[PDB]
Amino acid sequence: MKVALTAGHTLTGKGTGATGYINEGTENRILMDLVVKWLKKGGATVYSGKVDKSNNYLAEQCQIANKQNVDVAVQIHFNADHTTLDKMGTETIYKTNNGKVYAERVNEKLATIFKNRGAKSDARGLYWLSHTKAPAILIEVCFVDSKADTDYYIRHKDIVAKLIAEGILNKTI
């Protein structure tokens, strides 16, 4: 299968991410590289990238996916809301039915290691989900400000990546 994969957020200027026990922008890139590795072990062809500095970063992220035909376009994020010791958990966002197929599979896998918030339809008109040619999903891996979520994530990054890849490819790796 062909997969486009992008890390959410820029590193400076407009578009930077959230921070708590972990830094979203940094971990989006660390986890991307691990997901690429696991996707390739599953036999997929992967087109990955990131945008570190640009006022046009949203369009540039979509251009990474749109440069070539792919079966699915995936963007990695981490969530935020309020600092808590409690588990908060995982959700995967889609806009339309074609992305929902993948969002449900990825969320089912991540829900075995994080609290299940479910696959979720886009309620904020996210540019990534409306400007890619391929079916698109946005993974909110876990909350940067949950101590329980991040305690698990920091010690199991390779497992998080494997589960994402297994959900995308719909198979065990």
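Residue numbers here begin at 1 and follow the sequence given.
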Greater mean Cα temperature factor according to the PDB record, 134-142 or 34-42: 34-42
Selected stretch [higher average CA B-factor]: 116-124 or 25-33: 116-124
CA B-factor ranking of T96, expressed as a third of its chain: highest
Entry-reported Cα temperature factor of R155, expressed as the chain third it lands in: middle
Assigned third (lowest, middle, highest) for the C-alpha B factor of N56: middle
Third of chain Cα B-factors occupied by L129: highest
Assigned third (lowest, middle, highest) for the C-alpha B factor of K67: highest
